[PDB]
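Novice: Structure here, sequence nowhere to be found:
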RNA sequence: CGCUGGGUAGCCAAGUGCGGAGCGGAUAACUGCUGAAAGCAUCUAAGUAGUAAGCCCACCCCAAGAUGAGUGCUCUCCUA
RNA sequence: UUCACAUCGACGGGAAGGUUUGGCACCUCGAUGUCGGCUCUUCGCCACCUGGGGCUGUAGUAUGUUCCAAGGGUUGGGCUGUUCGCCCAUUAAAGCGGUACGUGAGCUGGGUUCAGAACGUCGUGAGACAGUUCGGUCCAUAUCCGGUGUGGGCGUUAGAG
RNA sequence: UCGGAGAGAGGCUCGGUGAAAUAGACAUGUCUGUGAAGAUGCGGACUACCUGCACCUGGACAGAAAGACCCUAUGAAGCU
RNA sequence: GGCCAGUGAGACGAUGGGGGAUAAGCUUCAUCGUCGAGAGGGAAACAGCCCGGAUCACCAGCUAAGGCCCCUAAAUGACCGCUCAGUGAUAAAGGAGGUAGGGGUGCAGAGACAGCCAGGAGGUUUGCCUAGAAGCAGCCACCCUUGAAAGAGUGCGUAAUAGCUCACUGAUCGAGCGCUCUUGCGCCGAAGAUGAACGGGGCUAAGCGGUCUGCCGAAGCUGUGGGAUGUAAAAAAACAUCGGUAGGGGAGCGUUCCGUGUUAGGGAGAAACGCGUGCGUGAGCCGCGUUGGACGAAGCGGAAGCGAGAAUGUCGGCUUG
RNA sequence: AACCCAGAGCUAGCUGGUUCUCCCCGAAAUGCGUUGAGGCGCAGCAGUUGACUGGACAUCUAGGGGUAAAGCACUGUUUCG
RNA sequence: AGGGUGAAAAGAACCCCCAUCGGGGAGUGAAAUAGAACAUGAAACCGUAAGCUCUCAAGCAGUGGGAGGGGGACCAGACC
């Protein structure tokens, strides 16, 4: 939640799961909260492909 | 200046913890220093200015400070 | 006086959290479309 | 905040001034060991308040340490023991360079306040600290002079803080107020003042005008 | 203290001095000043005035262990 | 004198409080020591006085009632174990209560009327009375919290006065 | 009333000797609320640097001592 | 049916009642739910209220009750209305131009409401009483006329009058005004004794009602892997199950002695005592010891003075103060 | 109504206590009776071993009632013409 | 109520501290850490040394995560 809220525009943690299950990503198991700090450019690729 | 008190206090709190950082661990001090200038001109809404009491008390009875 | 105070387990039938909004009782969990089944967890390779 | 600079002097016994009208007044006699030289002024610019810092009791240099005597020789004055300031409103004209102020400023001002260390009485009981009453001396009683009850019952479960117990009574300074001045002596360096100052003859004594 | 008669310095009061001040701030009850929602009115909804032994400050003392640990002045760090 | 609402308010009704007597028997009987007094608190306002005000069948003095206000005060005694209460002299007034009697690991009398005795009454009697009277041991070096004083260490980013 | 002073034996300090009742372990705050309906131990807030010494005893439903009062026992005993 | 136990003090919550005062966390019953014997989550804490039934592991996911400002996980989410009392925890009778509506009924472009101004008179002081009662101390009805309208008067006042004034009508500006029911949320009523004491901070929304989408949220479910019980009578595999007090049944570990046993082993170190990067569901086993110095395993069996944290147990040792 | 010894390890419907592990199952606080009420006997409800059995849970239908509601036709009671 | 140094007292010649008690060397013994309080010696209890760490802190003292630091190491990622 604290990783996603760094965008500034009002994108919450609930909307990341809106467009995390609509775009069919089965069960990343909140280990994107691990590579959200071990690989912040890769979680920027995660979220920037959730947008598209 | 002209900011309401409690929502400013919550958004100062959410940075004073470190819950805007992906390095947030609630057992260490990952937060950030904040500075609040112009504390004399903090807005409040309704009738806080004449009805909200910051009372305190020492240990002995009859010391509750209005 | 003659107004009884509500003691324990009468305090619990009165001051428990009850969601008395007819909208928020109607809510079921969200439904996503079904997906094809995931493949095998591992495979013997010789 | 005081309404003006005061002096400090030592108590030298008590006596009775005979007024020429016929009355007999009990006066305390004040001496002055050395002039109350203004040593250090602290104004609004270089300090958060404004006060005039005087001292007293010129001594031998062996009696006084290096930071003390360095502070006093920063002002270019004599090495002296006692040292106190008076906080005063920002209209002051006081130079810290050896203003040997003379004692004429209190005679027309027939009201003065004094502060001083009262005489200590050590660890005294509740019968004299807080003016309690003693129990029955007889009739089979056993709580002679004792402190009695201390708190209430079960519901506090403790005793209230600031409760009147025995302890060390005297030793702190006190100020008694609006004490009318009397016959100064411009050659005996002695001021009569009708009252009773805190302490035995010998101690320091703040002598500063009133704050009414 | 054998029992009495007085007493300096201490301690004490019954004795001796002093204190309880403020056209300082904001209020509770109340009296109001203009004054609308109903072209009348009304202490109020805008603004605002007198005022309580009550609240705070001023008053006397302690007080930066106020860990938020203050401020100012001054002294001393040398030989291999 | 007219006049429900200056002041009382019948017949009735609605509340708050937990200070009396009660109801339940929920903690405590391998022990929560009752009533009164002394000492010493602290707190509530449902205000006796002191401060401000409204109304008065308030001419003024003194009031009657009521609003705000609990900072401070609320006497000395004869009777009784007395709480309460009566009376005297007053005082601005001599408030009512909570804090397990507020307070017996701070202190003393009547009492859960203990063991002796007597009077009345009850009982055939032993004995008994929410009847009366005389006499009748009350312990204690504070471990911790709490309190009042008073230090020592360390900290206050060099060390101090 | 209305306490006050003084003299001894203690109390305080030092040197010697040196127990006791008690004790689940104690890193043992206040208010307020809850709870077997009176909490340092649970909850929220506030307050408290650590640790001694000397006094005071409000609490630890403090120590004693399987409540003398009340009731139960198909208990015991004295007496009529 | 056979053998063989406990239990027979219950508690609260909903409904049906009696006793009470339709008072009690009160007492007694009847059906049910929970606790008892139930863990977890929500309820600030908190046996009985809601969800829910804990075999175990995972630094797995989806949910129920309940929540999404911060303390504390998730929406300072969206759109309609409401509240201005911090109501948001609280208790009523009753009062109220509070505010947002809703239903009725009555007046207006032939001027509707509010204010100013004008009139409000004649018989008449209706008849009784009183000194006077002239509408105003009261008793009885409580008129008609001019008219634009005036009531034996709406109140004050006067010795009584006189008089001030109103219901009603006339006149100027001008467009909404009454008076009743009613909800929603509010105000007062509403005051306790140690100290905010109502989770806290606080918030005019982060409060209250109506919908829309998602997320957080248990030890629930799902997934991946073990264990055991029942089928079951061998193994494998399958399905169901596996909270538990009083209690019942099944299976095991350990101790000292005895048969094998003058056992294997052991002054090249047995038992003890202390040790583990080992194995078991666990009671425990096995292994290692610069300590110690002579006994004694396992397996297959048997018998107990057989297993310790409780008895104001008890005996020694040693603390606290 | 002494003390010591013995019956006597009196008796106690009372109090405290009763020690290793794992797995499966799992209550009751009710009735009746009691010189009984904090005890006990039986029933109810457990465990285990059986023998007969074919039911449980949903839906429908049929029977007797006299509760809730209702009502004044009986028994009372009551307001008014 | 109080048993067990050794196999054999071979029970410590002599030197030092020194009034003794005791202690250290030396000597006996396989063992003197088997020394007459003498055989294995555990727990409570009292200690001393080494590593890390506590003086703004509310706690049935744990447990889950683990900052920083220390130690040996060999499956150096592991263990305490």
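Specialist: Arrived safely. Residues are numbered from 1 along each chain as shown, chains lettered A, B, ... in the order given.
Novice: Residue 33: which element?
Specialist: Since no chain was named, I'll use chain A. Per DSSP states H and E: residue A:33 is located in neither a helix nor a strand.
Novice: That one contacts residue A:4, doesn't it?
Specialist: No - using Cβ atoms under 8 Å, residue A:33 is not in contact with residue A:4; the gap is 9.8 Å. Every C-beta, even on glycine, is put in place using the N, C-alpha and C of the backbone.
Novice: Those two: who's more crowded?
Specialist: residue A:4 (21 against 16; other Cβ atoms under 10 Å in any protein chain shown).
Novice: and the more buried one, how far is that from chain C?
Specialist: 19 Å (Cβ to the nearest Cβ, to the nearest Å).
Novice: That residue - nearest residue in space that isn't next to it in sequence?
Specialist: residue A:16 (5.1 Å; Cβ to Cβ, 6 or more residues apart in numbering or on different chains).
Novice: wait, is the one you found part of a helix?
Specialist: Yes - counting by DSSP: H, G, I helix; E, B strand; the rest coil, residue A:16 is part of a helix.
Novice: In chain A, which residue is most central in space?
Specialist: In chain A, the centroid-proximal residue (Cα atoms, centre = their mean) is residue A:47; its distance is 4.5 Å.
Novice: three-state assignment of that residue?
Specialist: Three-state call for residue A:47 (three-state DSSP): helix.
Novice: what's the neighbour count on the residue in chain C that chain D sits nearest to?
Specialist: Closest approach between chain C and chain D, counting by Cβ to the nearest Cβ: residue C:5, at 20.0 Å. Per other Cβ under 10 Å, the neighbour tally for residue C:5 reads 6.
Novice: part of a helix, is it?
Specialist: No - counting by three-state DSSP, residue C:5 falls outside a helix, being coil.
Novice: give me every residue that touches it.
Specialist: Contacts for residue C:5 (Cβ atoms under 8 Å, 6 or more residues apart in numbering or on different chains) come out as none.
Novice: for the residue nearest to residue A:4, what are its contacts?
Specialist: A:4, A:47, A:50.
Novice: how does it look with 10 Å?
Specialist: A:1, A:3-5, A:32, A:46-47, A:50 (Cβ atoms under 10 Å, 6 or more residues apart in numbering or on different chains).
Novice: Dump those into TSV; add distance to residue D:75 as well.
Specialist: What follows is the contacts of residue A:16, written out as TSV (distance: Cβ to Cβ, whole Å):
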residue	distance to residue D:75
A:1	65
A:3	64
A:4	67
A:5	62
A:32	72
A:46	73
A:47	70
A:50	75
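Novice: which one of the residues you listed sits closest to chain B?
Specialist: Nearest to chain B among the contacts of residue A:16, counting by Cβ to the nearest Cβ, is residue A:3 at 3.9 Å.
Novice: Could you give the number of residues near the closest one?
Specialist: With other Cβ under 10 Å as criterion, residue A:3 counts 22.
Novice: Over to the one 3 residues further on?
Specialist: Burial of residue A:6 is recorded as 12 neighbouring residues (other Cβ under 10 Å).
Novice: cool, and the one 3 residues further on?
Specialist: Residue A:9 sits with 5 neighbouring residues when counted by other Cβ under 10 Å.
Novice: how about it, what does it touch?
Specialist: So residue A:9 contacts nothing (Cβ under 10 Å, 6+ apart).
Novice: if we can go back for a sec, nearest to residue D:72, out of the contacts of residue A:16: which one, please.
Specialist: residue A:5 (63.1 Å; Cβ to Cβ).
Novice: Okay, the residue nearest to residue A:4 and residue D:134: tell me how far apart.
Specialist: Shown here: residue A:16 relative to residue D:134, a distance of 79 Å by Cβ to Cβ, to the nearest Å.
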